[PDB]
Every structure is written in C-alpha cells, then in structure tokens.
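As a starting point, one isolated chain is supplied in structure tokens, in the form deposited in one PDB entry.
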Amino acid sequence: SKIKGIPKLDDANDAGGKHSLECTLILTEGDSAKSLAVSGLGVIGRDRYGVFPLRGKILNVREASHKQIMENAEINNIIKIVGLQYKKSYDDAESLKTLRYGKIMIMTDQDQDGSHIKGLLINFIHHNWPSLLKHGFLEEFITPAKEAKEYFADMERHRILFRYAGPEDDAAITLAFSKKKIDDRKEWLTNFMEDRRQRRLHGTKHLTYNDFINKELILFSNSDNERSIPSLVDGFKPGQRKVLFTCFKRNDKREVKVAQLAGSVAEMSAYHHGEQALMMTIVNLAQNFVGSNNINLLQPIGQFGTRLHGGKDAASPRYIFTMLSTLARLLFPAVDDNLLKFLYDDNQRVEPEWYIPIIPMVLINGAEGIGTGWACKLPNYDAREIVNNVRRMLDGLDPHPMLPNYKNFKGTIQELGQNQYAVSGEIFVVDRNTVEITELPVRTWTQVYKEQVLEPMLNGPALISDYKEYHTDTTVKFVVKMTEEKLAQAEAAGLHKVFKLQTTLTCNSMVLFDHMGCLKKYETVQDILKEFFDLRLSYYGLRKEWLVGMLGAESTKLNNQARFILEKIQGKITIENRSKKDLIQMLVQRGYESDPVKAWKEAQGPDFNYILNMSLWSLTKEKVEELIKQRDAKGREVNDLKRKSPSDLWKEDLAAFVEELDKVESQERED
C-alpha cells in the first residue's frame, strides 16, 4: 500500500510493506519543523522514517461531534498514513499487520504549546485505540540544520518512549482532555498553583502518561491561564501589556504599521510567540466600533473592522497603522512607572507585572479570556460613571451600583438580577406594513442579523414581505415590510421578541488574577472596584513618597548648582587651571554635595559632574537669573506636594482624564 493524495507527507520507503512495524511516522509541529527532520534524517533515514507536519493544535476528538471528526482533514490524513481503522482493536500481534507504521514519534517545540500538542495526539490515540498504547505506540523526539543532522545521529539520546502503566494513565489523560472534567481541572490547577507558591516561600528513557500529564502538560495548562486570564489591576493580559509597555517606550508621535509595531514589541519585550497573534492583539486593542472598546488605548488608523462583521473585516496588519490614544498616558501616568515592578527576561528588563491605571480598566473594555479550568468574562462599563464612583469612595461615600454600558449603543441594558442583564436593540412601528430597526443588541453584528434573522423571515413560513438596508459604517437601519395581519400578530407578540432584538448577558465567571498574582473569582464588579480602589489609593501614597524624595533631591541639586554659580560670578570660588583632584577636594571642603539626585536613586568618590558639566553660558546674566527662578520653583514644587494628600493627587489625575475624554469623544462624533 502507498499514500497518493497527501502532498505534505514524506512516506518511509518501507511503510506499508513487510517491515511496516519497524517504520516510524514522525509528526512535527509545523512545516518548518518537518524540513529540519527531513534534513536530519538524510538519505539513510528515508527508509524507516516517515515525516508529516501538523498545523498546530489537533482536534480534541474526545466528545467532538461525529461530523467535526469525520471532516477533520488532519486526523483523516494521520489515519490514512498509518492505516488505522476506527473501532478496530489492536491487541493481537496479528491485528498489527494491517498498519503501515509501527509507531508514531511526536516532534514539537520543547515549550508549553508543544506539550499541548503532544497531549492532544496522545488523547487522539487513547480515545480511539487504547489497545495501541499498551504496545508502546507513541514516542517523542526532544530538542533543546547541521544541528539537525547531529540530533538525528544521536537519536537514541533524544528519543523518549511513552509508557502505559495502569488506570492512573487513563485517569490523567481524561482529566486533561474530557469536557466532563472541568471541575477536576480547576482542582488540579488549584493544587499546582498552591504547591508552587509554597515552593517559592522556600526553595528515564520512558515516561508514563500520568507523569507526562501531571508534570509536563500541567505547565501548559497553567501558562494558558497566565496568558489568557486578565489582571484585575490593569485589565491586561501579558501580551496586551507588552504591547502597551512598548508603545510607551517608543512614544510614537506619528502612526506606525501594525506589523512593524508587532516586530518592535517582540524585540523590546521578549514576547516569545508568533508575531501574527501579537498583530491580532494590537488590532483588538485599537477597535472602536459598537460593542468593542469603550476606551481604545491604541488608535485604529485604517480599516480595523466594523460592526458589520464584528471586526472580522479588518484589513491586513501590513496595511494598517496605529499609535497611542492621547488618553493612554492620562490613564497610565508615566510618573507611576517608577512604582512598578518591571520583569526580566534573560537579563533584559521588559514589561511590569502590572500597570496601575487611575481607574479600573478591567471594567472599561470588558476583560475576556479562555484558559484551562477557568475562563473570564466581564462586560464594558461607563468610564464617567466609574470616575464618579471613585470620587464618591474618595469622599467616604458609598459607590452607586453600576450597570454595563457600551459606548455608542443606542439600545437598552436592564438588570434582571445579580450579574444578569437583558440587552435590547431598537425596533419601532412606522405605519401599518412597516417596522424600522435602528439598533441591534450589543455584539450582534449587522451582516449576521441580516443572514440569520431577516433572510429566514423573508424566505424559508415567511413572516415579512421585504426589507431594505440603510446602514452606515457605525449605525444600523433596517426597514421591514409586512402585511397588517402579520405585523399585528408580530406586534401582539413582542416585536423585540419576534425580531430577535433581545439577548441575555450573564456574568458568573469574573475570574481575574489579583495584585499578588493569585487567581480569584469575583462575585460582583463592586468587589472588583473596591479591591482596585484600595490598591490604587495605596499607590498614590507611594507616588507621593516617591515624588517628595525625588523633587527634594532635585531641589538640593539646584541649590548646589545655584550656590556654585553665585559664588563663581562673585569671585568667591575659581576653578580656572585647577587640577581635577584639587577641584574635587575643594568642593568637598566647602560643603558642596555629591550629585543629590544620583545619591537618592541609589539609596532606593563624590560626584560634582552635575555642577561642572554646566555650560559657560551658565555664568552669564540671563542664565543666572533663570537658574535662581528654577531653583525657587523646585522648592515651591516640593512644598506644594508635601501639603497634598494622595486623594488630592488622584483627583487631579481624574480631572485631567475627564477633560481629554470629553475632547476626544466630541471630536469623534464630529468625524
């Protein structure tokens, strides 16, 4: 037997023949990895090794529908290449004779997503052919072009065999991959996170499936949560946060191509994944159509998608541009950068563990994510209402309950009960024969509504006679015709009901990482707001301590510079033709201070560079007066700050933000 219709397969010369069972099918993570293996095998490896590339994550066939399984081209390819048959039991040494290959060797990246793929392959064989695992059907090739040929020459040092030991192997695989084991996964990961936390307060040719799952795959599952579930503090996940950290660093005064920014992010922040995911993240951060961001931190310069297709109509990231919103640094003040804990990736300082915005951004743009064991979903809330709640809390008052609010949505959102809402579009009777639809419930896209609601009403029993569209890019308007009879009935029943203009929004999975990096479930947004509030208030306290110290050091620095300049122009000191050593010694003796700002930073020989690096211009009339004013202004600045409370600082930030939010949003409505 040969394999005819699979272009990407390199079949082993002896596959399907008499030495079938001695043949190994290598499944690789992607086409590039195939090339490395095909090269490392050389001509001599072509005899007993086949190579076939997987395109990333494999269908989880456990509990997948029959249709999705039968139609899955990748699984069907593997089945064809190996000679497998659904429902066949491979116990006999004779039942094996119908196979073209005797084993599959999995070859992925030695990273967490690689482990996920190994597990999905294991899951696939385990679900359909458990018997196969008893014969040691599965193996893996671990790594850290010339290096390729080397790895393969030493293949038996890179080759690990999966081993089925008992029913605990079955339980582990099922735990990882069964849709019925979600709760077990929550417990599984809770134990893992707790145990690792404890370890931090202090300090085989063969591998069972139980150990692979519990010691290797679990690392992917945990990383999946870390990358997919947002922080309560800034509302970001790590990829989004790396994007903002990079934009803040670059400080672009003009638009940058999305693909170019993504390349720049990967470099500046040690992002370790495919840049195409990064580009999608960037697009998602810039979107501003109804039902996306309430405050987009990046500007969508170009086609970033519309409500017609829910953003699926975004242009390629090579053709669109972005830059920071003017609101971004008002929300994430640069001064607070000094208070953050910046992370390190291999000696390089990259993004902070979290930013600390002036309002809970996790509520503003609708934190959303799917991990393992847990997922997160929050709706959007109104920025002004949140600012008003923070002010109330600053004044010792109680915050008003908040309803979800989406920018530019003309519809209605009603609270049914805790974390349960009815979201309604807008429909109104014009005359008999005519209704008009001018808003769709949030996250209902215009093209989808037309196709799934209006078309079926018009065609396959038909309820309406006709409809017409008068949409713009940002608005919806359908005019629908029907007989009085039908309209009267439609109207008898609820119009919003018949035209499917009501959806429910339920939020019982507000799961976020707290400020300590612990995953937590929040019951109400008021709980989220309060936890954010206490942390942010504490950080305005830190900001004030930081500023008083730094501005104090700056004041001392200017006092010393000014003293030196006044003494120079009066003849009280001279430096002309003095040696460096003597000038230092002299300055010390006369009580000048080693760089005060440098000393302060370090505290978080003497250095008189800050004095002697001043230009000769400094000795002239206008510059002397200027220096005296700067020195007195700095003194007043520190004094003014000492008098203020952290609450006052927060209130200043909120006022500046609202002012610009007003300008920006008015301007958007003109445009």
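What we label the rigid core is the largest C-alpha set whose atoms superpose within 1.5 Å from one form to the other. We number the residues from 1 along the sequence you see.
Omission of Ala145 is seen in a third or more of the other entries compared for this protein where the adjacent residues are built.
Judged by the one-third criterion across other entries of this protein, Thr204, though modelled here, is missing from at least a third of those that model both its neighbours. The stretch of deposited sequence separating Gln604 from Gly605 contains 10 or more residues lacking coordinates in this entry. Gap check for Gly417 to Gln418: zero deposited residues are absent from the model. Averaged over Cα atoms, the B-factor as recorded in the entry is higher for 247-255 than for the other of 503-511 and 247-255. The deposited model assigns a higher average Cα B-factor to 312-320 than to the other stretch when 291-299 and 312-320 are compared. For the set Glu226, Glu385, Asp183, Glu168, the maximum C-alpha B-factor listed in the entry falls on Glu168.
Out of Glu439, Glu216, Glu74, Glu484, the entry records its largest CA B-factor for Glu484. Ranked by Cα temperature factor within the chain, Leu25 sits in the middle third according to the deposited record. Among the modelled residues of its chain, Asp395 has a C-alpha B-factor that falls in the highest third according to the deposited record. Ranked against the other modelled residues of its chain, the C-alpha B-factor of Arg563 as given in the entry falls in the middle third.
For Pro456, the recorded CA B-factor ranks within the highest third of the chain. Only modelled residues enter the ranking.
Ranked against the other modelled residues of its chain, the C-alpha B-factor of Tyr49 as given in the entry falls in the highest third.
The discussion below concerns the form deposited in another entry, not included here.
Superposing the rigid core between the shown form and the other one leaves a single residue from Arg392, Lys572, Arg384, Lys598 with a C-alpha shift of at least 2 Å: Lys572.
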